[PDB]
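Structure first, then comments.
What follows is calculated from the coordinates using simple rules that are stated; it is not laboratory data. Every residue, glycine as well, gets a Cβ built from its backbone with ideal geometry; the counts of neighbours run over all protein chains shown.
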Amino acid sequence: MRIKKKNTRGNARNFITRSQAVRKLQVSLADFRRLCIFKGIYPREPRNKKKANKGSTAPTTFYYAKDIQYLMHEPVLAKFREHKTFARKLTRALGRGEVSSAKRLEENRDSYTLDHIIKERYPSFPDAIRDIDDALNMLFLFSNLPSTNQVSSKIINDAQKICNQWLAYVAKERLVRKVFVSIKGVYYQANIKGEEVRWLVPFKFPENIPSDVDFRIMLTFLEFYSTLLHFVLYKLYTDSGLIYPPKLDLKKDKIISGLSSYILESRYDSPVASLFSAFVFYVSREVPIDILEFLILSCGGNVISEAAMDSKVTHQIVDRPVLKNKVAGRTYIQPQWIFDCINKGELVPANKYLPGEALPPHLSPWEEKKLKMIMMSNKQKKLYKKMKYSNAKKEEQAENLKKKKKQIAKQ
Amino acid sequence: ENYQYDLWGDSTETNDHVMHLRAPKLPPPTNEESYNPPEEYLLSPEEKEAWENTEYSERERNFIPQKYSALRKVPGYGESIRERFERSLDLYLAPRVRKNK
Amino acid sequence: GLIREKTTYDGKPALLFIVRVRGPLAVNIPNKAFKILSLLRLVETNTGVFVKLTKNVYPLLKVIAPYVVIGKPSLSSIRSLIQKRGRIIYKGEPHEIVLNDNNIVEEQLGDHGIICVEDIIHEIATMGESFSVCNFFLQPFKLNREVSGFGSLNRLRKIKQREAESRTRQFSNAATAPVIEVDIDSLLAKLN
Amino acid sequence: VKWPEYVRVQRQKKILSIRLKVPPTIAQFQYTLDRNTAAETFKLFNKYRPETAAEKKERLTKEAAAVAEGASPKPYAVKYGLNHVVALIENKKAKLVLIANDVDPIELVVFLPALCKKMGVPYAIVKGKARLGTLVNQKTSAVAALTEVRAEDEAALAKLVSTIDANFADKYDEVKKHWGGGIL
């Protein structure tokens with residue numbers, strides 16, 4: 001054959017530049033990014049930066065040619081184009097003064113659905129359960145986010161309803177096996193089909209919203225996460241035989257509209273699920289019911305809230321410096337004891353966590369030689385030096401695990 | 001019928017078996033990030049300046065651990081939204097590579 | 001389709017949430033109403049504050065009836081609003097820090113029996129002496145607005161919201177017109 | 001540098017029109033009604049927008065449904081068809097006449113203002129046929145008129161006609177003066 005060019009094959013065709021891919025797709029960067037997020041496409045590091053390009057040392061992001069080529073045939077592009085055409089037509093109608101025509105046009109529109117995207121991105125339910133970690137982590141945070149100009153209140157309400165559905169299913173299924181509390185929030189873990197899915201529930205305080213973060217990307221991710229969560233919830237309810245979607249409890253919604261509402265029905269096999277069995281609890285006002293109520297409900301206990309009006313209870317939770325009544329029939333407990341019980345999975349004695357006492361720390365449940373190294377090769381010598389430098393940090397951590405722990409105790 | 005259909009059914013195929021597909025790994029589990037950690041984990045007053053003076057993303061921990069006497073006294077996190085936004089950005093903009101540890 | 005239910009006022013105290021309606025359009029608020037708004041600290045648009053209905057307070061409600069809307073928020077709505085929205089003018093004095101520190105509640109009040117925002121929630125739900133101090137210190141919440149003005153779909157949404165508001169709400173303009181009350185829970189859900 | 005051929009042609013057309021001397025019959029347009037009175041006229045006309053295809057179909061379907069299970073007054077709307085408007089004019093039936101100043105065939109509407117003046121029917125010229133079309137659910141109409149205004153708006157229409165008289169017919173009664181377009 002004729003003289004082939006210096007670099008026009010191999011990495012030069014397997015990867016396509018971001019700008020080149022966008023130009024070939026004839027799609028705006030916003031729409032391309034949305035499609036990428038929906039498909040989960042990501043940039044890849046070429047084996048040789050200067051070989052993928054034509055000797056260019058300038059920075060670049062290399063995508064997979066096959067992935068982009070396959071993405072070009074997805075219906076989502078057609079739906080996006082239809083949405084753009086509908087938007088232009090609605091703008092024309094609004095500018096023409098025919099509000100009724102605009103209302104009729106808008107009322108007859110239908111949005112796209114990502115159901116087929118899920119069946120190809122996560123062909124099997126275990127994969128969806130594995131990847132639901134990020135979806136839960138985002139939805140739980142968005143549930144407590146107050147409504148703003150960047151996100152309509154309907155989206156926040158839908159996210160909160162999805163989170164409530166998930167929490168109710170978990171409590172009824174009692175699949176929770178490990179819990180933890182952190183500054184960033186309260187971590188919850190459930191053995192959903194043995195996948196030990198973990199999610200972080202942030203504190204219910206008013207979530208500060210820094211305007212720097214671009215909500216457009218966040219909303220795009222949240223849409224896919226909400227669809228995935230809805231499908232997973234439907235699948236789980238069908239597998240368990242419970243009705244779906246469960247009906248909200250209007251009577252309970254008036255009081256606190258907490259986890260108690262949204263009752264579910266059909267149509268104790270583990271130490272975690274058997275703890276607190278048949279127990280009745282009373283939560284003081286100052287303790288977060290939203291956090292403790294879920295744990296007790298999953299454990300199979302009963303909780304009486306102070307707001308029940310806004311005894312027979314064998315356990316009481318209060319964080320006040322001084323308890324007022326101290327009825328002998330109620331066992332006063334700090335939430336740290338409840339957390340420790342779930343972490344260990346056994347009924348640790350309650351006498352160690354009386355109110356007002358010290359709070360114990362809470363931990364998560366999860367030349368002889370130099371002589372022979374003179375002749376080592378450059379690669380081996382560098383590897384050994386880097387390994388020693390890395391192990392220096394491990395040794396420092398091991399030393400510090402006891403140094404301060406012993407020094408502070410003496411004072 | 002919105003979402004009232006089991007698109008998974010008895011599916012048993014896998015997509016991660018593709019040679020060039022990288023599995024959707026999950027973030028590492030938490031370890032000693034409690035609101036009431038051991039006193040030894042407290043950062044010294046002099047190290048606070050060093051911790052704060054470092055540039056973003058070159059930091060093992062993006063928060064300063066503190067000792068809280070009670071659960072109710074724990075304040076709301078002031079960086080939750082930023083961390084989740086960064087995680088979402090990395091989920092699609094971070095170059096994924098296959099490496100042997 | 002909606003129906004109206006006239007009810008006579010009684011001596012029973014009640015808790016009401018007031019939201020600024022921003023109307024009538026081309027009306028400079030008179031001094032008689034400016035004083036009431038300043039006392040209720042609702043001059044800023046979209047602001048909302050909690051007040052207790054009483055025999056002495058009811059007559060002044062008609063003074064600002066067209067400008068705002070009133071109703072009895074449910075306990076769940078009050079709790080959600082407090083735990084999701086709240087600010088305090090606190091020493092750094094020019095800061096509007098959000099209610100994200102229960103220790104601040106203890107430091108500011110201390111002897112009132114309030115040590116966390118949840119205590120404030122109960123005090124608002126259940127009337128008491130602490131309510132008077134808390135309400136002034138509460139720095140009422142700047143409720144999030146509607147579709148917020150501009151956008152292709154946003155303009156149609158705003159038109160549909162304005163027509164619905166004009167249908168469900170009206171300014172009778174009569175001195176003897178009964179005070180109009182609506183389910184503030186739905187409005188808060190729309191605004192939150 | 002270079003520019004599109006059509007862009008250059010249209011740009012040169014504006015210069016030619018500005019510099020070329022036009023007869024008194026031409027340039028009678030662009031001496032349009034003031035912004036305020038034109039806005040008031042459009043506001044009044046908007047109340048009488050003719051039923052659109054969707055609304056008419058909905059009304060007919062509702063009537064059919066009512067008949068299936070088992071005396072409205074005369075409809076009121078603005079007349080805009082050029083042939084229909086010309087047939088109404090010269091019959092002393094139209095009360096207000098609106099004429100677009102940007103009709104592509106100028107000769108198509110040169111006689112309409114003069115015909116209205118001869119017949120004595122009030123008339124006015126407004127900028128843009130697109131504006132006239134927008135209020136009648138059409139792309140363009142080039143003309144617009146009212147024939148049967150409701151009693152509630154009869155006084156408003158009479159006052160608008162009286163104002164338009166002074167605003168346009170009296171201010172531009174000398175439009176027949178020295179040929180326009182005499183710009184250096």
TODO: Would you please give the residues with an amide H less than 5 Å from that of A:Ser182, counting only those at least 5 places away or on a separate chain, with H modeled from the backbone geometry?
DONE: A:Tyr187, B:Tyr35
Open item on the list: Please report the antiparallel percentage of the DSSP beta bridges confined to the protein assembly as shown, to the nearest 5.
Closed with: 70 percent
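Report the net charge of residues surrounding A:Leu292, where surrounding means a beta-carbon distance below 13 angstrom and charges are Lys +1, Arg +1, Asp -1, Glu -1.
Details: positive: A:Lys204, A:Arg285, B:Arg72; negative: A:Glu286, A:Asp290, A:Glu293, A:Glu306, A:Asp319, C:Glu118.
Net charge around A:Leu292: -3.
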Open item on the list: If I take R0 = 56 Å and measure r between the Cβ atoms of A:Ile209 and A:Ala350 in this structure, what FRET efficiency does the formula 1/(1 + (r/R0)^6) give, to the nearest 0.05?
Closed with: 0.90
Task: Separation of the D:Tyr6 and B:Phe63 label points, Cα + 7 Å toward Cβ, nm - done: 6.1 nm
Open item on the list: Run the Debye formula on the Cα coordinates of segment A:261-354, all scatterers equal and no solvent, and tell me log10 I(q)/I(0) at q = 0.16 1/Å.
Closed with: -0.67
Task: FRET efficiency, 1/(1 + (r/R0)^6) with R0 56 Å, evaluated for D:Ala151 and B:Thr14 via beta carbons - done: 0.15
- [ ] For every other residue with a beta carbon closer than 10 angstrom to the beta carbon of A:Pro123, add +1 if it is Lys or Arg and -1 if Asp or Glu, then tell me the sum.
- [x] -2
TODO: State whether the protein assembly as shown is rounded, prolate or oblate according to the following rule on the C-alpha gyration tensor (a ≥ b ≥ c being the square roots of its eigenvalues): a/c under 1.5 gives rounded; otherwise a/b larger than b/c gives prolate, and the remaining case gives oblate.
DONE: oblate
Open item on the list: With +1 assigned to the C-beta of every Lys and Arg and -1 to the C-beta of every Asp and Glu, and no other charges, what is the dipole magnitude of the protein assembly as shown about the Cα centre in debye, to the nearest 20?
Closed with: 4400 debye
Open item on the list: Run the reach check for A:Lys403 against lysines, Cα to Cα strictly under 23 Å, same-chain hits fewer than 8 apart removed. What comes back?
Closed with: A:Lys388, A:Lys393, A:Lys394, B:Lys48, B:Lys67
Task: Phi-based couplings in Hz for segment C:123-128 (Karplus 6.51, -1.76, 1.60; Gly and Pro marked x) - done: 4, 5, 5, 10, 5, x
TODO: Return the long-range amide H neighbours of C:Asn46 (sequence gap of 5 or more, or a different chain), with a cut-off of under 5 Å between placed amide H atoms.
DONE: C:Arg20
Task: Computed E for B:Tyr3/A:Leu250 - FRET, C-beta separation, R0 22 angstrom, nearest 0.05 - done: 0.45
TODO: Work out the length of the dipole vector of chain B about its Cα centre, built from +1 on the beta-carbon of each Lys and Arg and -1 on the beta-carbon of each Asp and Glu, and round it to the nearest 20 debye.
DONE: 120 debye
Open item on the list: 7 Å from Cα along Cα→Cβ at both D:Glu55 and D:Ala169: what's the point-to-point distance in nm?
Closed with: 3.0 nm
Task: Spatially proximal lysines relative to C:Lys52 (Cα-Cα < 25 Å; intrachain offsets below 8 disregarded) - done: A:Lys251, A:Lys252, A:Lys254, C:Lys6, C:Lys12, C:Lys32, C:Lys35, C:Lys62, C:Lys72, C:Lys84, C:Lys142, C:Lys190
Task: Overall form of segment D:110-165 per C-alpha gyration tensor (a/c, 1.5; a/b vs b/c) - done: oblate
Task: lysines with Cα under 26 Å of A:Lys324, excluding same-chain neighbours fewer than 8 positions away - done: A:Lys312, A:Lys352, B:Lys73
Task: Integer Hz, Karplus 6.51/-1.76/1.60 couplings in order for segment C:2-14, x for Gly and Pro - done: 5, 10, 10, 10, 6, 9, 6, 6, 10, x, 5, x, 9
Task: Nonlocal amide H pairs with A:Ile317, under 5 Å, H built at 1.01 Å - done: A:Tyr282, A:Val283, A:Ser284, A:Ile333
Task: More than 27 angstrom apart: percent of Cα pairs within chain C - done: 34 percent
TODO: With θ set to phi - 60°, apply the Karplus curve 6.51 cos²θ - 1.76 cosθ + 1.60 along segment A:188-199 and write out the HN-Hα couplings as whole Hz, x wherever there is a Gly or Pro.
DONE: 10, 10, 9, 8, 5, 6, x, 8, 6, 4, 10, 9
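May I ask for the net charge around A:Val213, where only other residues with Cβ less than 15 Å from the Cβ of A:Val213 are counted and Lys, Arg are +1 while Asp, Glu are -1? Walk me through the numbers on the way to the answer.
Working: positive: A:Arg216, B:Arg82, B:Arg84, B:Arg87; negative: A:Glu207, A:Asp212, A:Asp214, B:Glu79, B:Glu83, B:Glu86, B:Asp90.
So the environment of A:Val213 carries a net charge of -3.
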Task: Ratio of the Cα radius of gyration of segment D:4-184 to 2.2 N^0.38 Å, where N counts its residues - done: 1.22
